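S.K.: Heads up: the sequence lines are chains C and B, in that order. Residue numbers for the first sequence follow PDB author numbering, beginning at 816 and rising by one. Residue numbers for the second sequence follow PDB author numbering, beginning at 596 and rising by one. Ideal Cβ placement from N, Cα and C applies to all residues, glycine included.
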Amino acid sequence: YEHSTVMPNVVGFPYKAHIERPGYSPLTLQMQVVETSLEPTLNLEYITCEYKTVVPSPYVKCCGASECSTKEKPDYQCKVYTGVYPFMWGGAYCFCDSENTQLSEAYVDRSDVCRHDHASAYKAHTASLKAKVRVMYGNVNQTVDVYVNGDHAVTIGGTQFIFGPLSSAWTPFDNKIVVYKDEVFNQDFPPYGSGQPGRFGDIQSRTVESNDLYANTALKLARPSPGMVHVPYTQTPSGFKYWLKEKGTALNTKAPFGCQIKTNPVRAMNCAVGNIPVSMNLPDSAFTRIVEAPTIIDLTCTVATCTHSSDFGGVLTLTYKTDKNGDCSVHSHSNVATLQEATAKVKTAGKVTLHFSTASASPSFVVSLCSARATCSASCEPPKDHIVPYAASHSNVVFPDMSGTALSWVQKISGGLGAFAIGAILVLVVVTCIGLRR
Amino acid sequence: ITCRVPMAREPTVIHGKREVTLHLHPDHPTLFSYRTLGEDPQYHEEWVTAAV
Ligand SMILES: *[C@@H]1O[C@H](CO)[C@@H](O[C@@H]2O[C@H](CO)[C@@H](O)[C@H](O)[C@H]2NC(C)=O)[C@H](O)[C@H]1NC(C)=O
Ligand SMILES: *[C@@H]1O[C@H](CO)[C@@H](O)[C@H](O)[C@H]1NC(C)=O
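1) Which residues, in chain order, sit with a beta-carbon under 5 Å away from any heavy atom of ligand 1?
2) In chain order, what residues of the region 1060-1083 of chain C put their CB closer than 7 Å to some CB of chain B?
3) Could you tell me whether any non-hydrogen atom of ligand 2 is closer than 7 Å to the CB of C:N954?
4) Once the 5 residues before and after C:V821 are set aside, which same chain residues still bring their CB inside 6 Å of it?
5) In whole angstroms, what separates the C-alpha of C:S819 from that of B:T631?
6) Does the beta carbon of C:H1123 sit closer than 8 Å to a beta carbon anywhere in chain B?
7) With a cut-off of 8 Å, does the C-beta of B:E605 fall near any C-beta of chain C?
8) In terms of residues, what are the limits of the alpha helix (DSSP H) holding C:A1239?
9) Which residues bound the alpha helix (DSSP H) around C:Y1057?
10) If we cut at 8 Å on Cβ distances, does C:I992 have a partner in chain B?
11) Would you give the residue range spanned by the beta strand (DSSP E) that B:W642 belongs to?
12) Buried or exposed, going by whether 16 or more other CB atoms sit within 10 Å of the CB of B:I596?
13) Starting from C:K945 and walking both ways along the beta strand (DSSP E), at which residues does that stretch end?
14) Out of C:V1181, C:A1152 and C:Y1029, which has the shortest C-alpha to C-alpha gap to C:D1126?
15) Contact between the region 822-830 of chain C and the region 846-853 of chain C: three or more CB pairs below 8 Å?
16) Any beta carbon of chain B sitting closer than 8 Å to that of C:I1091?
17) In this structure, how does DSSP classify C:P1109 when only helix, strand and coil are distinguished?
18) Please list, in chain order, the chain B residues whose beta carbon lies closer than 8 Å to that of C:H1201.
19) What three-state label does DSSP hand C:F1180 in the structure shown?
20) In chain order, what residues of the same chain lie with their CB nearer than 6 Å to the CB of C:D997, ignoring the 5 residues before and after it?
21) When you measure from the CB of C:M1217 to every non-hydrogen atom of ligand 2, does any distance come out below 7 Å?
22) Hey, residue 1255 of chain C and C:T974 are a contact pair by Cβ (cut 8 Å); roughly how many whole angstroms apart?
23) Say the cut is 7 Å; is the CB of C:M951 nearer than that to a heavy atom of ligand 2?
24) Roughly how many whole angstroms lie between the Cα atoms of C:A921 and C:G906?
25) Would B:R630 pass as an interface residue toward chain C - the criterion being a Cβ-Cβ separation below 8 Å?
26) Who are the near neighbours of C:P1005 in its chain, counting only those whose CB is closer than 6 Å to its CB and skipping five residues on each side?
27) Can you find a CB in chain C that lies within less than 8 Å of the CB of residue 574 of chain B?
28) Determine, for B:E640, whether the minimum Cβ-Cβ distance to residues of chain C falls below 8 Å.
29) Could you tell me which residues DSSP puts in a beta bridge with C:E920?
30) Under three-state DSSP, which class holds C:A1087?
31) For the candidate residues B:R599, B:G611 and B:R604, whose alpha-carbon lies nearest to that of B:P621?
32) Using a threshold of 8 Å, state whether the C-beta atoms of C:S1144 and C:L1154 are closer than that.
33) Once DSSP output is grouped into helix, strand and coil, what is the label at C:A1101?
34) If you drop the 5 nearest sequence neighbours on each side, which residues of the same chain put their C-beta closer than 8 Å to that of C:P841?
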């Protein structure tokens, strides 16, 4: 036997599915969602870390001029200066008063801790979905890990389950993201090779172990002060520290739908959106024949108390007469009210009690116990507690039933007005007919 | 290594009609943030220093 249904993608919300086939008693399947995960596919663009400025000891030549040649190093900067008289703790360095020459060079490299502290730039693509689902029926109660793709097929108790695909392709990650430690940011970054000094991306590298580095930090050199041995340089501070200072707000405290963001791997959990279609194939050994199932006749329903709240605020009682004791599968055939127990025990006494939750002023729904059905309708009163610490356990419906008090008043007023209008129509027609007869 | 931080004092909650009132009593500058779980969220975050 094959069946297909849909379930809301809400974590922790119980779902009950009804399977009815000729020649067998109805079966109720309980399915719940424990934890969901959504992961995009990432391709790394570059990583960034704080830099260090390497400056070697300056070269000094007495009565000679030394020219320096270019080198293949990141942001290499070399200069030569004429007419210098270096001093030291002993005295003068060279005889030549004005014929000396000083050569100074500097460059930039990655920090010694870039392997431990770095920020990564990623591009986000289409995302997958993994779920953990708990399935209950008969004497089977098992939790399984599935891919919500329409591809994975799992076997539980000889029953084949196929989940997905999701009915709303929505992702909280933008096209370009930046990841640091355990926070993800939805910001755009400069392209490789076009970094600007002072902001994010001042130095870039294709990977952590790459041997090539692109840096642009304005390493401008300056002439040494007279009577001194030093090399001065002015450089715009590291853009990585500045970005760490005022990065902004992370996606962790901004993602919609209560999407818990985690890193390593980058993923979003418990994101409540859309619904999941479920296709199932059942064996013939999970049902019960009609002959050995109990018989229910003359089933009437009534409601003892109701109060529409997030909790299971409602109680109903079913009266009935049977021929033997047994166990039945009970269900509600609507969406206004959601039950609590999927099974019940029927005895010869003839009274069973059930719990239910709702969100409308006056609900009306059909309740089925084994092969018998009945209709339940009652009035409910609003609760007093303003705020509760647990999520709602009822599907949000507010529209009342056509036989409720408010709609009853509407119907009575409309019927009176319509009857009066129809009488006016009839009298006008009669008068015009008697007029045209003449 | 593993290094130690203290837990902040629980705030005072006062209920209301689709609102809450939080009394915050910090001992150190502490970060306070909140968001809504709807379609478009109204995020907010700040550095609370004195009792508010
Ligand atoms: C020793 O000192 C003399 C001068 O005190 C240096 O001779 C100078 O050399 C430069 C370039 O070689 C010339 O431009 C100057 O005209 C020279 N000065 C004189 C007075 O001749 C000499 O180079 C020094 N040698 C060493 C090894 O330090
Ligand atoms: C199903 O199994 C889980 C795991 O042991 C348990 O927590 C849960 O109560 C079980 N449900 C029933 C109805 O026995």
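M.R.: According to the structure shown:
1) C:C878 and C:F910
2) Result list: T1064, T1068, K1069, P1071, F1072 and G1073.
3) no
4) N1090 and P1092
5) 34 Å
6) no
7) no
8) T1220 to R1252
9) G1054 to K1060
10) no
11) Looking at the DSSP string, the run of the beta strand (DSSP E) that includes B:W642 is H639 to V643.
12) B:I596 is exposed by the Cβ-count criterion.
13) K945 to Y952
14) C:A1152
15) yes
16) no
17) coil
18) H610, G611, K612 and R613
19) strand
20) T1078
21) no
22) Nothing about residue 1255 of chain C can be read from this structure; chain C reaches only from 816 to 1253.
23) Flag set: Cβ of C:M951 near ligand 2.
24) 27 Å
25) Cβ-Cβ to chain C under 8 Å: yes for B:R630.
26) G1016
27) In the structure displayed, chain B extends from 596 to 647; residue 574 of chain B sits before or after that span and is not available.
28) yes
29) C:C893
30) Three-state DSSP puts C:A1087 in coil, outside helix and strand.
31) Taking only the C-alpha atoms, the option nearest B:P621 is B:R604.
32) no
33) C:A1101 falls in the helix class under three-state DSSP.
34) So the list reads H833, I834, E835, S1144, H1146, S1183, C1185 and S1186, once near-sequence residues are dropped.
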